[PDB]
Amino acid sequence: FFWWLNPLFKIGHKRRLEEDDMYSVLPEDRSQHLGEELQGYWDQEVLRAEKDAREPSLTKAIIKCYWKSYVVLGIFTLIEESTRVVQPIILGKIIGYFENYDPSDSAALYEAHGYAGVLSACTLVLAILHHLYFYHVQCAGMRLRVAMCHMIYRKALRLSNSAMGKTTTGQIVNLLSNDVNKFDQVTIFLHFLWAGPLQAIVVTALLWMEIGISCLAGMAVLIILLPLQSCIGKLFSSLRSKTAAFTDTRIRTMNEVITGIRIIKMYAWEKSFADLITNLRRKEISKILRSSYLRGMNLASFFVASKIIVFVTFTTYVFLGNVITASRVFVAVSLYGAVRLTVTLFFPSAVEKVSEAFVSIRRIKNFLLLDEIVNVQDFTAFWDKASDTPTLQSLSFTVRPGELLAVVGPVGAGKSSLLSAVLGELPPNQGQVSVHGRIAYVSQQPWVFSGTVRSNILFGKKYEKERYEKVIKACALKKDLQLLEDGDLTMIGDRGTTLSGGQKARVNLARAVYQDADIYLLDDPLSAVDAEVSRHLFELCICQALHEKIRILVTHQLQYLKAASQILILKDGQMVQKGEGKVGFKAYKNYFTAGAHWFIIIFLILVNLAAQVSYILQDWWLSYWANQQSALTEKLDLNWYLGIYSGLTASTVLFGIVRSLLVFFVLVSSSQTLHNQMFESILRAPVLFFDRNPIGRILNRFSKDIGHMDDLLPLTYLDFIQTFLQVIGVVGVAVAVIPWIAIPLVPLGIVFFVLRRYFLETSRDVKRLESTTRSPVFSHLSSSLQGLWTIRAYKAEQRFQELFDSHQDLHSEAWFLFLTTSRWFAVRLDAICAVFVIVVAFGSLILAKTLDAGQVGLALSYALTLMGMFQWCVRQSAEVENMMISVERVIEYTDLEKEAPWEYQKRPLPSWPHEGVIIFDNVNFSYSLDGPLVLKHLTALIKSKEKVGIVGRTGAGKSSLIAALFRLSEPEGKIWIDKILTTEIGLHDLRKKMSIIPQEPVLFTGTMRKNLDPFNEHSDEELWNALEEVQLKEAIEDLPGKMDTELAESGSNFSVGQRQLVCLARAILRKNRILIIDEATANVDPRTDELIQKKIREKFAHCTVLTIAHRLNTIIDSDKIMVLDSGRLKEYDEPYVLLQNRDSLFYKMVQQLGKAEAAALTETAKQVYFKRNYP
Ligand SMILES: CCCCC[C@H](O)/C=C/[C@H]1[C@H](O)CC(=O)[C@@H]1CCCCCCC(=O)O
């Protein structure tokens, strides 16, 4: 009865409930312990399977782990199902007292009361057994999931570096998110796989006693259904699993869309991704309609099946020459209610939920069986033996205390591979490695995890102010922490997205120093800070402070190599040299009306009511036939009675099926419509909307909220509506047969709404608390997998495992409160139902002078159903009301403000732009109407085929100028392009016909064709011409196809210079006169960059060129340069003359480049000026 929650409900009505308030689970369910129990039997199973020389079975481990405990609960199943078959036989005796009634017999009146007490006792026994069983199997299910997730995490810590090549982080995280949650549904139903068939046999015997040989026909239909519903259950699981391939591909496209949306806009590619998503969605909904219609036929099987089974049974019974009496019919009808529940719901539900679990156990088995001084001599190793060449060859080196080793060479030279060899992550194929002392591993990609920055630094070490502050200053971190409002206690995101790159890098590095290790493997740590901070970190921390320790420093900063004791140059893998909360009716009306014309939704309501009325009327018709037969040689004309009866069952079967299918049609159509609306709105929504949201907050709408609307929500409505209309049926038949019942009902109804409200006040707190507690788990796994390298290097695995157990058992507390609260509530709705069953039974005996046998048989046969039905109905209603938060979260995106039309009715000439001139008149710009002006007063002219660029301080509007030409947010003032006003041509006129090389490139998933030509407008040989112009041909021809080859995911198989060259290829392909070049990005190689600059100058010599210069040399060829400051055009003049104007800002900046570079620029400026002056 869960009384221990009662004070928490009181607390949750006086207050909102909070995370500290929930009761902790037993020490026996602690995730640390609970995982080791299954890990042990998996070890044993691997041993056995080994000795047998066979594949191990994870199903074997799980049974050999849990079977002892879970087979005990079958005792409740046995006594529950024993009561369900007893209770109808007593009901037969009550109705008997009516069939043979006389008011005079005191002893009979007393006898009937005795059975009314036994029938009431059975009901209360059954109510508590139902709750003791269903509460325990849900806790057995929860234990299995926790043990699973502990094992999945345990393995993932130790995975092989090669294994990371054959399953991605997101797929591992999909195990926890989507695969393990199938286990909670396994344990709930298994015990029905034997109780169902057994109960079928027991009921077969009893019905043989009640109505003789006809018993077989009813069971004959049941053995037609039991295969069929199992076959449907298998095919449903086949269909559903195939949709996962479409849905995951769709979501990965949405991720590259929403992450990339600025560039997709700038290239006007929106048509491409619109079509591509539309086709994946059109395929996916092709399966989801089909998979849904199957599942709707499964629920329409439960609803209708009991009426078919009864109909065939009584059909044979009257042809065999029998006559109906009310005791026989309502005993028979009542028994089939038992077999209907277990065999038709719980045996199919067991089969399909076990079948679905094997899909998860199969994947998890495939995951669990994945692979799992400093002196180096003659070292050679392959990351993948399949490679034709070694990643390190004939390496020999050694480093001793006080030595600093600089590791130098090109990108992919093997420097990081050298560090991996030191780390032991790359084992030798020949040669040897020996290390003594504690390693300090500074990964090239900084690793930062959720917590405090101080938690990131301490990393389990004791806090000590002096050394800690010495690190904070030595890692040049004091200033930032003083700028932060919460200091070192500031909260950090899953990946430090709230932190700058140099911040996360410096925090990582500070962490390394805090450990006070012996061997420091510094992998390019200084590249993420400015030159002043870079040399401050090198000189004080690396040269002065870490001096007493072995250091190997993978660096490109040649400026520091003079301080190294020894330098190792690697090339081509070998050593070169060594020296909310509530929704309103509007959201329901929209969700249904979006799906169809009102003619459909009103027809749907008339089909529902027709189905339910026919369902009630069949049973009333039996009762009426019983009364008639009991009123009477002479006999009823079956061709009348059996006639009309056939119609009522026929209508029930028909509208039951139509009802179930049509709900899925209307609601899936609704979700199809809302997805396209939402997607059109997300395409045409301006960039500003994507700055005011993080990517995950948008992508959740498409991944989760559309997910609920397609799969789970339409089922939940159908499940609710089938139940709810039967509840209204029970109450309506009881009140119609014996009106006086209306009086007790009133207080009982008031108690129901008081009870309901008092629970629901807390329910929306537990649901929230559960949902908020769940996410940190997946966050931790993601952080851990990213840090896999480093966490492993520090030997920190045991702490991280304990942290995952901490998060996991937290959610176990939340889930445990959710379980117990739902049962506290469900128990008492059964208690209200028991009061209803009591009042019906006793009231009928009070009023016995007025009722008659068929009437009482009907009233009771309905009231007995209520116990399971009513407690479920109200708890489904709380799920519908939760999921409508999804439908409200998508509906708000359907109406986001829109960018101005892609095309006006005014359109430019197909030859426009002809001349490639641009003019600015008094323009001002800001990213949003509410914001400050970022650029102001500006006016300028660009002539045909001029070469110019933009310089200034950061935030001067450099990025704003490119944003203005594209009208990403509308301008103040005027810009003309080719004598026509930019605001008067459509965005697809304007954003095409100019070209923009972005600072950071993007490779979309797909073919090299699509990544170069999504329109297939360029001729088949032109890409080879363009590819030859970037000279990428001799690399890409090595792919499995010369063209139309698949790229790797995100183009990860190409290096940054190659990626940028693909963007240069895109520029080469489209022919338009106007080019803006974005700023050069970080760590590009020092050779292809000059090639790019040379090729740009060579090929686009006939274009009008702007540029945003990261470093000035990239544009000192230009005719004129614009100088911005404080959001205003300071200077627009020739670079030479600017350098002549020593007062110019341009000179005031170039003076900062140092005497040598200043002199070089002086002479080269004079030279190019002379060259320009000659003609
Ligand atoms: C369990 C899968 C959904 C079944 C939906 C179906 O419409 C029937 C539901 C009722 C039925 O009318 C009588 C009955 O006992 C079902 C409700 C109990 C289903 C199992 C959940 C038990 C619980 O949580 O208390």
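cryo-EM is the method the PDB entry lists for this structure, together with a resolution of 3.5 Å.

Turning next to the site of the ligand. What surrounds the ligand is a group of 14 residues, the closest being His130, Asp719, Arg823, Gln871 and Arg875. Here an oxygen atom of the ligand and a side-chain polar atom of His130 are 3.1 Å apart. Compared with its free state, where it exposes 590 Å², the ligand has 86% of that area covered by protein. Those elements that place two or more of their residues in the shell around the ligand are helix 10 (326-368), helix 22 (695-737) and helix 27 (866-893). At 5 residues, helix 27 tops the list of elements feeding residues into the shell around the ligand.

If you look at the biggest cluster of nonpolar residues, it comprises 214 residues, and the most contacted ones within it are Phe397, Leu418 and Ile552. Each of domain 1 (1-188 + 739-846) and domain 2 (391-572) accounts for three or more of the residues forming this core. In contact with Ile552, other than residues within four places in its own chain, are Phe397, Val399, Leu405, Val407, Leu418, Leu419, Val422, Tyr520, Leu521 and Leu522.

Quick look at helix 33 (residues 1056-1069) now. Side chains three or four residues apart in an α-helix point the same way, a direct result of the helix having 3.6 residues per turn. Here helix 33 is 14 residues long and its end C-alpha atoms lie 20 Å apart, about the 20 Å a rise of 1.5 Å per residue gives. Listing the buried residues of helix 33 in full gives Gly1057, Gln1060, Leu1061, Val1062, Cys1063, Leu1064, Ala1065, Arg1066, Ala1067, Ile1068 and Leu1069. Residues of helix 33 that are buried sit in contact with strand 17 (995-997), helix 30 (1008-1012), helix 31 (1022-1029) and helix 34 (1088-1099).

Next up on the list: the side chain of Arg506. Its location among the elements puts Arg506 in helix 15 (residues 501-514). A polar atom in the side chain of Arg506 sits 2.7 Å from the backbone oxygen of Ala476. In contact with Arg506, not counting residues within four places along its chain, are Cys475, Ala476, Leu477, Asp480 and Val529.

Turning our eyes to something else, we now look at the pattern of salt bridges. Inspection of the entire model under this criterion finds 51 salt bridges. Note that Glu18 is salt-bridged to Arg16, the shortest N-O span being 2.8 Å. Judged by relative accessible area, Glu18 falls into the partly exposed class, the value being 38%. For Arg16, a relative accessible area of 53% gives the class exposed. For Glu899, the salt bridge goes to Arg991, with nearest N and O atoms at 2.8 Å.

A few words on the UniProt feature "transmembrane region" (unreviewed entry) in the chain. The sites that carry the UniProt feature "transmembrane region" (unreviewed entry) are, in the present numbering, residues 186-205, 211-232, 299-320, 326-347, 596-617, 644-668, 737-759 and 825-847. Along residues 186-205 the backbone is 70% helical and 0% strand, and the end-to-end C-alpha distance reaches 31 Å. For residues 825-847, the end-to-end C-alpha separation is 33 Å, with 96% helix and 0% strand making up the annotated structure.

The subject of this paragraph is the packing of aromatic side chains. Considering all chains together, one arrives at 49 aromatic pairs under this definition. Their ring planes at 25° and their centres at 4.6 Å tell us that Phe192 and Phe346 sit as a pair that is stacked. Of this pair, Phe192 sits in helix 7 (residues 192-211) while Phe346 is found in helix 10, placing the two residues 154 residues apart along the sequence. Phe346 shares its class with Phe192; the two are buried. Relative to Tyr893, the ring of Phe689 lies with its centre 5.6 Å away and its plane at 85°, an arrangement referred to as edge-to-face.

Rules used in this analysis
- Residues numbered from 1 in each chain as written, not as in the entry; some residues may be left out.
- Heavy atoms only, no water.
- Near = heavy atom within 4 Å.
- Polar contact = N/O pair within 3.5 Å; in protein donor to acceptor, adjacent residues only side chain to side chain.
- Areas by Shrake-Rupley, 256 points an atom, 1.4 Å probe, with all protein chains shown as cover.
- Helix = DSSP H or I, 4+ residues; strand = E, 2+ residues; numbered from the N terminus.
- Core = buried A, V, L, I, M, F, W, Y, C linked by side-chain atoms within 4.5 Å.
- Buried < 20%, exposed > 50% of the residue type's maximum accessible area, 1.4 Å probe, protein only.
- Domains from an automatic or database assignment.
- Contact = heavy atoms within 4.5 Å.
- Expected span 1.5 Å × (residues − 1).
- Salt bridge = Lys/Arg side-chain N within 4 Å of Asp/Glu carboxyl O.
- UniProt positions renumbered as here; feature names shortened; annotations may be inferred.
- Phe/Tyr/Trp six-rings, centres within 6.5 Å; stacked < 30°, edge-to-face > 60°.

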